[PDB]
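A closer look at the structure
Single-letter residue listing:
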Amino acid sequence: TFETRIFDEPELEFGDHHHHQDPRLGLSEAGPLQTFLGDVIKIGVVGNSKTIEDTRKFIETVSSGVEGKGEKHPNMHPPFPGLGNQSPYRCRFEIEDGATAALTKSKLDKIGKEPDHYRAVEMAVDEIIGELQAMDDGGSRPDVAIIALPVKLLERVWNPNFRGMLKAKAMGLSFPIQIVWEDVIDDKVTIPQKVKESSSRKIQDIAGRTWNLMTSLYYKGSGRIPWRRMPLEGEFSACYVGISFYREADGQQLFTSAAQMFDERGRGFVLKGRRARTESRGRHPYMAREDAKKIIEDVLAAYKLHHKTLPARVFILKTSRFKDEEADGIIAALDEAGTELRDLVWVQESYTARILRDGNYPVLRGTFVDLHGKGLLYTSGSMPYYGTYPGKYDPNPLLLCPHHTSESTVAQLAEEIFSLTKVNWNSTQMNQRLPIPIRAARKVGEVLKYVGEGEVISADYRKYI
Amino acid sequence: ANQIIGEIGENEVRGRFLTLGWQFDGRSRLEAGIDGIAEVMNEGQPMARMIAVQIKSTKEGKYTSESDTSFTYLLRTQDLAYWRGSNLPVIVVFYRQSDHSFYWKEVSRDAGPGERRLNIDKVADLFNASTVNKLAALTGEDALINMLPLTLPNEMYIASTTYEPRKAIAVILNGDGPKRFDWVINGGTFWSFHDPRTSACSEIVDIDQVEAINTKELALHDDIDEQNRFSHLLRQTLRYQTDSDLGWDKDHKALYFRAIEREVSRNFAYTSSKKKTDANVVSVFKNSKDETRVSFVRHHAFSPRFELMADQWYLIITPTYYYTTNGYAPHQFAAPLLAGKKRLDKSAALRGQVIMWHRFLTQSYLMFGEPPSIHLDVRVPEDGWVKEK
RNA sequence: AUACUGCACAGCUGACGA
DNA sequence: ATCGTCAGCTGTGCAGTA
Ligand SMILES: [Mg+2]
């Protein structure tokens, strides 16, 4: 009755043929998987003069000597080695004096005095994009821009989403951007919260923001990937697809979003979105028999352009079930092209059953329980490496339901999905719950909803993360 | 500015070599790999016995796994192939300026495939006068699941369709009187666990025309809608099984304990064989240092759900709380109270709730069994972390 | 919006009847 | 046409990582 399994923690592959399970420690003693050819990554700043000055101060202070938080749990709050001789990225970050743009004080008051909600956001986005385009068209081009948001603009704009509208109009530029509030770069300043007024917000310490921001900046600037999931020995070649759904901007419709992922010929990884919008079909979170084929055709066409041959396995992940039609279209395309092995899995974070054990701390991360054809997987909980349970109440398990047309058993699928959790380049944490393809699909659909009709869509992942 | 700390480290290593006296010698500008060549003097009368020295010097910071007794270092597999082809011994020397620390290690030049990850422990690997002749020597537990199995009565009656609308019978005084099992679904047949001649037609508008009989096959049917109707039957049977003991919270779909003419708890809990019985199910609270101003209450509750699996009907229990004002009169607002109560909790303070709800739910009509148990191979460490959660 | 986890509310979908 | 039963998805906001 209810046979259970416990999986080991997967290991990521870093540079120089080194593998570990901690992204922080594996970077600090082996470097990135792909090394940058060159020493300098150039950073541009756009915002207020105070924000530019404390951004420069923050960069210098972080580069010099910053250190961790506490003596308890040494494997959970590591110190930052700094951008010196023993930097984890083996490269240097510099800011040029010509790639810095300042917003005049005689315009933020114009933004703040408008009694309309949409127009102020629109013109602030217009000003920021105008300065960025003027910087890009010149000869002082940076590799990654930092948009530091002042508190005066933040009060008017945050209190229509701003991040989505800004990243939708910054798609034509040649460099990605990174939004930073005034709290992170400069201390002694606190931002008041939303409708729950006079409570403000709290952030991490100095040594976690540094790790996350520096990893994101390196990935956005260099273009190379820091780490990747270690392949096993003897597996078949496979490609991963992830599908999500998202509502309209203001109305009540539902579009679908997709992301694709596979492995390079040498030592690399490929993670992209698409180059087109998937239109509308109503208000149900379900695809059709025509929109399910085209994603499979694009996924199979992307693999042959790199490996010169079709893959032997296709892996599809979704949140809203495979009743009869999407599965029919996927199977039809898959048996039409070349492929013998297939997998269709529906994940849901809505089940009510849990597992209760004696003691104080909850169950271990990676525990798997088989309920007939369904799998209860705990990709959250206590970890021996960290030394505690990083949470408050209890882990929320995932329920895995494979479709009735699938090859692998549910244990191998659970192991594969458990392996694809620490490949999030936005964060350096070890307690991720969702697998990478659906997270990428949600991140793509977060900003794909604020792009107007007939505009451009980029397949680069650096413009969505 | 790293050139100056490299030069300082090389000079300090040469000085440490010259203090005991071994005739160390540096190299030129385009040196790559070996940083120096050292001799063995042996207290005057020097002998031509050279070793190669590679220097790693630092200024501040900590090593990778500095645990006050040892740390570790990783090699780059280019220096390994470089050092494994030499015709003379190789030595790596670590120097730190902040605490003036010197350590040394020997690269194994005698095995087959190389081995990285040097484990440098202190005391025993100090580059001082203590270790010089050695330097010159080479020249399952268990758990339970939240589900609860159920077993049903062997007979149930499917006949005597009422031909009356489902609301009219309820608003008839027969409906809002004694036993309210007058359940018909989508104007369908009146099927229930008790015969209408003794249960319904005695106290509910119905027709005396038939006796009915079923082997509980209705429990399992391929159609989803009839399964949902059976779930509605099970929910109403559970509601009938607990008359004048608990009440129904519709906005949260929960069963909350009632203050039976007194606004304190009942403390039924679970016997637990040799153990005792305490459970503060109902509790009141005050604020502003005055007991007259009653703030809220803490009714226990659980959300039930009926599921079909392995041709069995399992009950899923979700513990929660209900807050009212004064007593048996619902609160106008509990937005932060439930979240604050949930925030301060543990996994230990959730298994006991399930156990006590199970022990209350059966014994003192449908029987409720015992929850299944599973065996876990790898146990949680749980040692030395007796705090927090 | 440096990040991840946990919780609380509102809205919208299909299947079943007056 | 609105109201009951069943199960499920996406959107927004706050607290705390220990
Ligand atoms: Mg990011």
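Read on for an overview of the structure. (Residues numbered from 1 in each chain as written, not as in the entry; some residues may be left out. Chains lettered and ligands numbered in written order. Part of a larger assembly, values for the part shown. Heavy atoms only, no water.)

Digging into the overall build of chain A
- Regarding its fold elements, chain A presents twelve helices and 17 strands.
- For 465 residues, the compact-globule estimate of 2.2 N^0.38 gives 23 Å, and chain A sits close to it at 23 Å.
- In terms of its C-alpha atoms, chain A occupies a principal-axis envelope of roughly 70 × 55 × 50 Å.
- Summing over all exposed atoms, chain A offers an accessible surface of approximately 21,200 Å²; the carbon and sulfur share of this is 48%.
- Here chain A carries 63 positive and 64 negative side-chain charges, and the mean point of each set is 3 Å from the other. (Helix = DSSP H or I, 4+ residues; strand = E, 2+ residues; numbered from the N terminus. Rg over C-alpha atoms; globule rule 2.2 N^0.38 Å. Areas by Shrake-Rupley, 256 points an atom, 1.4 Å probe, with all protein chains shown as cover. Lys, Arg positive; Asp, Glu negative; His and termini not counted. Charge placed at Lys NZ, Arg CZ, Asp CG, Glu CD.)

Brief notes about the coordination of the magnesium ion
Residue and element names in this part refer to chain A.
- Coordination of the magnesium ion by the protein involves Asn 426 (OD1) and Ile 465 (O), with metal-donor separations of 2.4 to 2.6 Å. One end of the pair, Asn 426, is in the loop between helix 11 (410–419) and helix 12 (436–447); the other, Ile 465, is in the segment after helix 12, and 39 residues separate them in sequence.
- You can call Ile 465 buried: its relative accessible area is 9%. (Donors = N, O, S within 2.8 Å, 3.2 Å for Na, K, Ca; no water. Buried < 20%, exposed > 50% of the residue type's maximum accessible area, 1.4 Å probe, protein only.)

Topic: the sheet that holds strand 16 (residues 374–377) of chain A
Residue and element names in this part refer to chain A.
- In spatial order, the strands read 1-15-16-17-13-12-9-10-11; together these nine strands make up an open sheet with mixed pairing. Sheet topology places strand 1 (4–6) and strand 11 (269–272) at the edges, where each strand pairs with a single neighbour. Averaged over all pairs of adjacent strands, the angle between their axes in this sheet comes to 20°, without regard to strand direction.
- With four bridges connecting them, strand 15 (residues 367–371) and strand 16 associate as antiparallel partners. Considered in strand 16, the bridge of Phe 368 is made with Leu 377. (Pairing = 2+ DSSP bridges. Axes fitted to C-alpha atoms, helices over the stretch in contact; angles between N-to-C directions.)

Describing the packing of aromatic side chains
- The final tally for this structure, using the stated rule, is 33 aromatic pairs over all chains.
- Each ring, one from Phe 17 of chain B and one from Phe 24 of chain B, has its centre 5.2 Å from the other, and the planes form 5°; the classification is stacked. Both residues of the pair, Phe 17 of chain B and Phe 24 of chain B, belong to the buried class.
- Here a set of aromatic residues connected by ring pairs shows up, and it is made of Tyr 63, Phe 71, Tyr 73, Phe 94 and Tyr 103 of chain B.
- Over the ring of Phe 315 of chain A we find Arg 313 of chain A, and its NZ or CZ is 5.3 Å from the ring centre.
- Residue placement shows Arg 96 of chain B over the ring face of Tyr 63 of chain B; its charged tip is 4.4 Å from the ring centre. (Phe/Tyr/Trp six-rings, centres within 6.5 Å; stacked < 30°, edge-to-face > 60°. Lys NZ or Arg CZ within 6 Å of the ring centre and 35° of its normal.)

Considering the protein's contact with DNA strand D
- What surrounds DNA strand D is a group of 30 residues, the closest being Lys 196, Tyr 389 and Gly 391 of chain A together with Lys 253 and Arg 305 of chain B.
- Restricting attention to atoms of DNA strand D within 4 Å of the protein, one finds that 90% of them are sugar or phosphate atoms.
- Between DNA strand D and the protein, one listed contact pairs a phosphate oxygen with a side-chain N or O atom of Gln 193 of chain A at 3.2 Å.
- Taking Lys 449 of chain A, its side chain carries an N or O atom lying 3.4 Å from a phosphate oxygen of DNA strand D.
- Of all elements in the fold, only strand 9 (239–247) and strand 13 (341–348) of chain A together with helix 5 (224–240) and strand 15 (299–309) of chain B reach the threshold of two or more residues within the surface near DNA strand D.
- Partitioning the surface near DNA strand D into residue classes produces eight nonpolar, ten polar and twelve charged. (Near = heavy atom within 4 Å. Polar contact = N/O pair within 3.5 Å; in protein donor to acceptor, adjacent residues only side chain to side chain. Nonpolar A, V, L, I, M, F, W, Y, C, P; charged D, E, K, R; others polar.)

Side note on the nonpolar core
- Counting 71 residues, the largest nonpolar core has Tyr 89, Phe 93, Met 214, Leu 217, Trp 425 and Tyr 464 of chain A as its most contacted members.
- The contact partners of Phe 93 of chain A, leaving out residues within four places of it in the chain, are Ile 41, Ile 43, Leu 83, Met 214, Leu 217 and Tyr 218 of chain A.
- Counting residues in each nonpolar core, the second largest holds 32 residues, with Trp 191, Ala 269, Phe 302 and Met 356 of chain B among its members. (Core = buried A, V, L, I, M, F, W, Y, C linked by side-chain atoms within 4.5 Å. Contact = heavy atoms within 4.5 Å.)

Things to note about the interface of chain B and chain A
- At the junction of the two partners, chain B supplies 43 residues and chain A supplies 38 residues.
- For the chain B face of the interface with chain A, the top three residues by lost area are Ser 347, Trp 385 and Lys 389 of chain B, together amounting to 17%.
- Where chain B packs against chain A, one counts four salt bridges.
- With its nearest N and O atoms 3.3 Å apart, the salt bridge here joins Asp 16 of chain A to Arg 116 of chain B.
- Run the count over chain B and chain A and you get eleven residue pairs in polar contact.
- At the level of elements, strand 7 (141–145), strand 15, strand 16 (312–322), helix 6 (336–343), helix 7 (348–361) and strand 18 (373–376) of chain B are the ones that each hand at least two residues to the side of chain B that touches chain A.
- Considering each element in turn, the side of chain B that touches chain A owes the most residues, five residues, to strand 7 of chain B.
- When grouped by side-chain class, the residues that make up the side of chain B that touches chain A number 16 nonpolar, nine polar and 18 charged. (Buried area = accessible area lost by both parts, 1.4 Å probe. Salt bridge = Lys/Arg side-chain N within 4 Å of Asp/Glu carboxyl O.)

A short note on the protein's contact with RNA strand C
- Surveying the vicinity of RNA strand C reveals 38 residues, the closest of which are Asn 161, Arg 163, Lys 167 and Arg 283 of chain A together with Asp 225 of chain B.
- Between RNA strand C and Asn 396 of chain A, the relevant distance is 3.1 Å, taken from a phosphate oxygen to a side-chain nitrogen or oxygen of the residue.
- Note that a phosphate oxygen of RNA strand C is positioned 3.2 Å from one of the backbone N or O atoms of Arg 433 of chain A.
- Listing elements by their share of the surface near RNA strand C, those giving two or more residues are helix 6 (162–169), strand 7 (177–181), helix 8 (206–222) and helix 12 of chain A together with helix 5 and helix 6 of chain B.
- Looking at which element gives the most residues to the surface near RNA strand C, the answer is helix 8 of chain A, with four residues.
- Across the surface near RNA strand C, the residue classes tally to nine nonpolar, 16 polar and 13 charged.

Comments concerning the pattern of salt bridges
All names here are of chain A.
- Inspection of the entire model under this criterion finds 41 salt bridges over all chains.
- Residue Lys 50 pairs with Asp 186 through a salt bridge whose shortest N-O separation is 3.2 Å.
- Take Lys 50: its relative accessible area is 41%, and that puts it in the partly exposed class.
- Owing to a relative accessible area of 18%, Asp 186 belongs among the buried residues under this scheme.
- Of the charged contacts in the structure, one is a salt bridge between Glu 349 and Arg 442, with a shortest N-O distance of 3.8 Å. Taken together, the residues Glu 349 in the loop between strand 13 and strand 14 (355–357) and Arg 442 in helix 12 connect sequence positions 93 residues apart.

What to know about a positive patch on the surface
- On the surface, a cluster of positive charge is made up of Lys 196 and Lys 392 of chain A together with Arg 343 and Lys 346 of chain B.
- One can find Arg 343 of chain B in helix 6. (Patch = residues over 30% accessible without salt bridge, like charges linked within 9 Å, V, L, I, M, F, W, Y side chains within 5 Å.)

Some points on unusual backbone geometry
Residues and elements named next belong to chain B.
- With phi around 60°, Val 123 is a residue other than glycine that occupies positive phi space.
- Considering the arrangement of structural elements, one finds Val 123 in the loop between strand 6 (118–121) and strand 7.
- We note that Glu 388 has phi near 55°; this positive angle belongs to a residue other than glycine.
- With respect to the helices, strands and loops of the structure, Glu 388 is situated in the segment after strand 18.

Here we look at the environment of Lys 69 of chain A
All names here are of chain A.
- Its place among the elements puts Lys 69 in the loop between helix 2 (49–65) and strand 5 (92–102).
- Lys 69 sits in the exposed class, given a relative accessible area of 62%.
- Sequence-wise, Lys 69 and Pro 79 are ten residues apart; in three dimensions their C-alpha atoms are separated by 7.6 Å.
- The contact partners of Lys 69, leaving out residues within four places of it in the chain, are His 77 and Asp 205.

A look at the pairing of strand 10 (residues 254–263) of chain A
Residue and element names in this part refer to chain A.
- Of all ten residues that make up strand 10, eight are buried, and the element is covered over most of its length.
- The pairing of strand 9 with strand 10 spans eight bridges and is antiparallel. The residue bridging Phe 245 from the neighbouring strand is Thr 256, located in strand 10.
- Hairpin geometry of strand 9 and strand 10 is characterised by an intervening segment of six residues between the two adjacent antiparallel strands.
- For strand 10 and strand 11, the ladder comprises four bridges, and the chain directions are antiparallel. Along strand 11, the bridge assignment pairs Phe 262 with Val 270.
- Counted between consecutive antiparallel strands, the loop separating strand 10 from strand 11 contains five residues.

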